[PDB]
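*Asks:* fold the following, please.
(chains A, B, C, D and E, ligands or ions: 1)
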Amino acid sequence: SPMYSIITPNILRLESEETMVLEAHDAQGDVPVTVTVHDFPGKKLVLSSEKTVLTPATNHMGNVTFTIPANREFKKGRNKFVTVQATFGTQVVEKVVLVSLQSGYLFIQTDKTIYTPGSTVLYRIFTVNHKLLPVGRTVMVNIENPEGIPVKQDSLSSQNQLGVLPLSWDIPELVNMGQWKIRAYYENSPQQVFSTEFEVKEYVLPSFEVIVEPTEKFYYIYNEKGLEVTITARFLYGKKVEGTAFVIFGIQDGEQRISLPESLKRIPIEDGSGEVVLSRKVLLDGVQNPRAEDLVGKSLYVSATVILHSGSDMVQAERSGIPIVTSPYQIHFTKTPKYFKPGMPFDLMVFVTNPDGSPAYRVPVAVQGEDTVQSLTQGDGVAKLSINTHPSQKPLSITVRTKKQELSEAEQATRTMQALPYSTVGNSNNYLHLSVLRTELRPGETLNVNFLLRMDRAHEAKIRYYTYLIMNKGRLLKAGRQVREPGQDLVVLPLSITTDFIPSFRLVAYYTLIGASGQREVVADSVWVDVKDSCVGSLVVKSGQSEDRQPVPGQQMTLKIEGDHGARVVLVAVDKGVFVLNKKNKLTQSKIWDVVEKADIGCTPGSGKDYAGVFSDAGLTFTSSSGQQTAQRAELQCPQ
Amino acid sequence: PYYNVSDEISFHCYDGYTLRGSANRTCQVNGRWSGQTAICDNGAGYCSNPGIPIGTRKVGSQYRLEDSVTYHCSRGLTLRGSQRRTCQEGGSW
Amino acid sequence: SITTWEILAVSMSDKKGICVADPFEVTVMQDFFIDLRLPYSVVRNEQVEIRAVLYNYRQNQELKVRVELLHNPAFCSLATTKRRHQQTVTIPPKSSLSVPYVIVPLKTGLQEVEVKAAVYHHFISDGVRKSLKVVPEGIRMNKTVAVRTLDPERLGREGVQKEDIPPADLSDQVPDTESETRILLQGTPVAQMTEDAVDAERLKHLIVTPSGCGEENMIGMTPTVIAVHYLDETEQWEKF
Amino acid sequence: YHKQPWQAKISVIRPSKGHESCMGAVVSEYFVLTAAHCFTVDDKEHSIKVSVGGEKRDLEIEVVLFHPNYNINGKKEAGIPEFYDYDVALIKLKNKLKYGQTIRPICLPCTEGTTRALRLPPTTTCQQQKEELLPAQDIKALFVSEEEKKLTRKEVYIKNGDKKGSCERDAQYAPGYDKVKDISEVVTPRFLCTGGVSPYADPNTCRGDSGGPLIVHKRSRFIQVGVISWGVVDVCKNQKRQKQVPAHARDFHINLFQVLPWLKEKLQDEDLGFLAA
Amino acid sequence: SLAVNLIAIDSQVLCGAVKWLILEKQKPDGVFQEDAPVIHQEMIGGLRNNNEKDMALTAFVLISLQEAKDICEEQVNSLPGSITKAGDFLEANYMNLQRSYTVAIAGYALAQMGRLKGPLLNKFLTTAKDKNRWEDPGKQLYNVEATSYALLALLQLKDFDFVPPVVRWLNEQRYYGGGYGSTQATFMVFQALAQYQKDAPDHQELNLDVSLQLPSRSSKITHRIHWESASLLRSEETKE
Ligand SMILES: *[C@@H]1O[C@H](CO)[C@@H](O)[C@H](O)[C@H]1NC(C)=O
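*Replies:* Numbers count the residues shown, from 1 in each chain, chains lettered A, B, ... in the order given. Take a look at the structure below.
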């Protein structure tokens, strides 16, 4: 009996094009398909209707893309769904999918991070879709005071403006000092609101900056040497600072600060630098707790203050958040799947980092189980392990440690996780693993995707092809097949990494056959892979002058701009003295992909409890005419 | 540091600001600039931005109602007109 | 300004997309210059002291500078319209010198302070003309006149409501000073009503299998049909 | 008390009743600018009466000149019943008007007379005046309304700044425009949007106020820049004022700077001195 | 006609039954008459006791037709005519009803036509005791069902000022349907509460026309506060 399947993202987005994968297993000849999307509840037709024919020449694969309105009928609380229906001649296959009213992303850029009462706040809004592309939309912009009460509300439209809305707000002389806020959102999505803060305060731009960098990005408890902190201070124009410094330490509990009056020093700043050391004695004297193992978990903060010999300027710096851990490293299996395959190899995505949160470079890791099996941590701070699994259905427990030399075992880090077996339809023990050579992928290179199969030869000859799909930023980038002749336990897929996969992308591969006794079985597998996060195109701004010397106040200089063609570039020059009092809320490409990545329709790093779980955990809805459909998704965001 | 005769200068407002008046002005023989005064207003005040005539110095960013602005010329120059203008009711200084 | 300008660029391609460039710093320095630093605001009629620091970053060359503070009717220094309050000092190589200046803001508003300085036997000079606010002597107060509540039909009449507001006291107001009155309006929900829906956990019995004759069939079909209908609107298939 | 000499009251008698109630504005010694939808091809000259200066009698007209591009029924195909694009028309009287303390013309855009009104140099181009009268901001204008047989001024704001789009898209709530695909098709560039709640609560135009002059009071002078065309929500029903007006009750007008070529041609023999440009 | 949004309903069957009621079982008066009463007199709900059989039955069948009007508008061409006939009938006798039940079921039938105004609308509202229930002395099935029809009528008339008391009475009575002869009560009590979850407002009319005039100013300062533009700080400064 034929089998008409359908695959769509777990959550459909409005004002966008969602891919819809059509398939048939097996049937013959041409089979017309009429896709019709209704709302919900009620069959209020019609949102979007598409048509296509499945020709055996294309191995029976459809490729239709519909655009869901938008629509003003989608207006508080609860959620909204649409009845995605697909007719395959006579057999009708329908499945309701969750809808995200979201229109796209909004990024707000302010010229400065801090303003003085009387000046004007120059800020622009970028209107881009879920693919980070210029789009004309209607946006509501509000400006709330430090008391979170809107004082100004507008409703601009990036239509015919290339997704760039230049704006400004005059700050009255008599204004309430504090942390103001600029909130914005699409008119079609009042629930999805973006925000950017800016401080309003009476201040004056200093003449120099003060940096405080400890010898280590953390602090070892039993370290008798103590906490050595470097005091580097130089003018805003490069030259060094000659003066005196006033440094003081303190312990920071849970949202609490206990200053240490005893740890006060006065180190002279000669040649634009200084040196201060916090004796381990004073540190313990601060708290009224004899045991030093009680300080494990807390943090330290440094408060320095440089003053010139002329007494004309005085800058105050601070370095808070100094982890006092016992191990200079940490371990996280957040990138490691929580499901394994009985008998098949289980890969681990160890994520070793530093006490502060920065990735660790070259860190030997191993599992309590087998020795010798080690892998030096790469640059991004990710290791590659691969332990073996038993055919048993017993939950898998892994304990990865750090065999870092020059460090005792009592000063190492450890973390234990747990994986659950992959349920098989009818206990036929038919699994599928997707091993990928863990390397820092870069747009333009090539990737090798492996397809490891596990099953008896009773039905291994029926497996003649796989079906891989590319998940990217909550959509279907590409979908194809992977030929396979009976006898091949492992095949390779020549995948070409482009500039689209950025930042990350998921890969789901499944195979269908008739095992047991006329029973239709479906087995899938997913894998999350990260790519070098970078600009889609390119944009560099260097000097146009022939090097030479430094410019003179009131001189012309050539400003070379190497950007993309047909692209609009918006500039903004800011004195570094501004970042001295506040360097937060700075628009960075890292933060852009950060928002996009934390919006994927997928949650599980890979694999699931079953076949219908692999799709749902990856961001796809597989539904056939035989009866095998994926789990229902109601909540917009990911569980927990 | 100084503009000779027949010297040209151009004005250009920032993003989100409208430029009214003459964008390009040339120093004439009568020791004055051609065209009108260049003003960059955003149009957010009750009254339009009074602007800052070439050679003067305006003190007051607020253009609300009843608000006022003061002007001051450079050393060696005589201020002609009003040194203080108040935004009167009806959108007019 | 003598400092490092951090230029930031942001491209918006209709093809590629959005991408912010890396900060490009531009250092702007000068061999000899003046760093005039003034407070955010100074009280009128109060004698303060501004510090003008003259920097000399010449590797090995002392400078004979003659700094001067220009006269200004808005301030009261030792410099008049006929006298020039100026000193003659020698700044050592690779160092700086602070030149004290005592003044007295005579009138409020945003005033202007300017200092120039030239070196001897050289073609080098510099000047700084910055501004500082002059806050009127006294204290910043904010007498709350009244806080009325607006809601016709309840405290109104014929649909309209009149509310008079007496002028502020300002009895102890500083002589010769301005003051504004900030009237402020704001709505306030008011967002109420809307009743709760019956929990689906209480409807785990309306799922009856339709059966019987021409009448009994409908009787057994009703509890199921209307049940699903109510659960589709309340979206309570979660707890059910 | 009659501080609106330019103000004109138009009435068109039709079978059964009709009494089409519109208003115009004296622009010359013969012509009186007004709306175009207030009249039809069927309406003759003997059925159209115009009264100015508050005179009890009715002036006999000669011919009503409609705009060459006026077609209210040129959008029924797209499902658009109403289309007030280029909603302007002149009314050449049969007799010459003797100007008094009750009758007086009003400044029209791009004229040697308006140039002096704005106190701008004679070398002022038409483009310069449009930047002066209609800047890219929240313009402060006003129109004449009739309440209890008494003329009264209504200060409003022209949404020509960044609040322009917000005021235009509200044309969807208008009767018949509830099913329009692209809202930018019913609101041509020949429209000036007014009324609303931001920045202030601007008074709305009534049915009898239709064809009324959109004046900008500057330099103690009155300059007409628009003509009352149509409104989103009818707030006048010959009883009382709505009072409970929606936040989308906008009012649209006709920018004279867009219909200049038509005005300059029809008023070539009125000594108004229109600029070339 | 309600399960059309859940499963596949043959138009030939749905509209077929509608055409039969119209052409066959409907007199020139627009009244529907019962010829073969169902064996189960408990599934008919409040039609068991027939003090006003004509008004009740005609209203019941009428409502069913209007719920399938959007569907059988293509096939059945005499539907609009039939709907009007029954309407003219109910409106001519609505001022003579005695039972609170009949008033509710007939009121909702006229509400769908918007023909429930004036005296008729006044009677429908006053009938409800304590302004929250259309109860009749005896049984429970006849009470909950009646109030349900009235609730759907209030929501149809968009009178959400009288709805809260009613909806509150149903929820505070806790009737999860099911049981003997609960065919009508169940299908109606959940149909009304489900329809209520869609038509349920969120607040109250927020439209303040606050206009303040200052002695030192000619024109007034008019501001309107709507639900959308609420919690907005609209300030006005005055140096005087
Ligand atoms: C009045 O102003 C001062 C200065 O910011 C502030 O401390 C105080 O809280 C204000 N009072 C009110 C009523 O907001």
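*Asks:* what segments of the stretch 501-640 of chain A are strands?
*Replies:* Ranges of strands in the stretch 501-640 of chain A, per DSSP state E, counting those that start in this stretch, are A:504-515, A:519-530, A:540-543, A:559-562, A:567-575, A:621-623.
*Asks:* and for chain C?
*Replies:* Using DSSP state E, the strands of chain C run over C:4-13, C:18-20, C:24-27, C:32-37, C:41-43, C:48-56, C:63-69, C:89-91, C:95-103, C:109-119, C:125-135, C:181-185.
*Asks:* please identify the most buried of the ones you listed.
*Replies:* strand C:18-20 (a mean of 23; mean count of other Cβ atoms under 10 Å in any protein chain shown). C-beta coordinates here come from the backbone N, C-alpha and C atoms, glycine included.
*Asks:* got the contact list for that one?
*Replies:* The contact list for strand C:18-20 (Cβ atoms under 8 Å, 6 or more residues apart in numbering or on different chains) reads A:107, A:126, A:128, A:132-134, A:163, A:535-539, A:564, A:587-589, A:592, C:8-13.
*Asks:* what subset of those is buried?
*Replies:* The neighbour count (16 or more other Cβ atoms under 10 Å in any protein chain shown) marks A:107, A:126, A:128, A:132-134, A:163, A:535-537, A:539, A:564, A:587, A:589, A:592, C:8-13 as buried among those.
*Asks:* so which of those belong to helices?
*Replies:* Mapping the buried ones among the contacts of strand C:18-20 onto helices (DSSP state H) picks out A:589, A:592.
*Asks:* residues touching the closest residue to residue C:118 other than its chain neighbours, list them.
*Replies:* In space, residue C:118 comes closest to residue C:125 once its chain neighbours are excluded; the distance is 4.3 Å by Cβ to Cβ, 6 or more residues apart in numbering or on different chains. By Cβ under 8 Å, 6+ apart, the residues touching residue C:125 are C:116-119.
*Asks:* closest to chain B among the residues you listed?
*Replies:* residue C:116 (11.7 Å; Cβ to the nearest Cβ).
*Asks:* surely the closest one meets residue C:65?
*Replies:* No. Contact criterion Cβ atoms under 8 Å: residue C:116 and residue C:65 do not qualify, at 10.4 Å.
*Asks:* the stretch 51-200 of chain D: helices as residue ranges?
*Replies:* D:112-117, D:126-133, D:164-168 (DSSP state H, counting those that start in this stretch).
*Asks:* repeat that for chain A.
*Replies:* Under the criterion DSSP H, helices of chain A are mapped to A:280-286, A:578-581, A:589-597, A:611-618.
*Asks:* ok and the residue in chain C nearest chain D?
*Replies:* For chain C, Cβ to the nearest Cβ, closest residue to chain D: residue C:159, 7.7 Å.
*Asks:* what's the nearest residue to that residue if we skip its chain neighbours?
*Replies:* residue C:152 (5.8 Å).
*Asks:* tell me, how many residues neighbour that neighbour?
*Replies:* 14 (other Cβ atoms under 10 Å in any protein chain shown).
*Asks:* ok, residue D:267 next?
*Replies:* Residue D:267: 20 neighbours (other Cβ under 10 Å).
*Asks:* helix/strand/coil for the nearest residue to residue D:126 once chain neighbours are set aside?
*Replies:* Spatial nearest neighbour of residue D:126, chain neighbours left out: residue D:277 (3.6 Å); criterion: Cβ to Cβ, 6+ apart. Three-state assignment for residue D:277 (DSSP: H, G, I helix; E, B strand; the rest coil): coil.
*Asks:* cool, and residue E:135?
*Replies:* Per three-state DSSP, residue E:135 ends up coil.
*Asks:* please list all residues in contact with it.
*Replies:* E:100, E:129, E:143, E:146-147.
*Asks:* give me that answer again for 6 Å
*Replies:* If you count contacts by Cβ atoms under 6 Å, 6 or more residues apart in numbering or on different chains, residue E:135 has them with residue E:143.
*Asks:* and it, backbone torsions?
*Replies:* With angles defined as degrees, to the nearest 10, residue E:135 sits at phi -90, psi 150.
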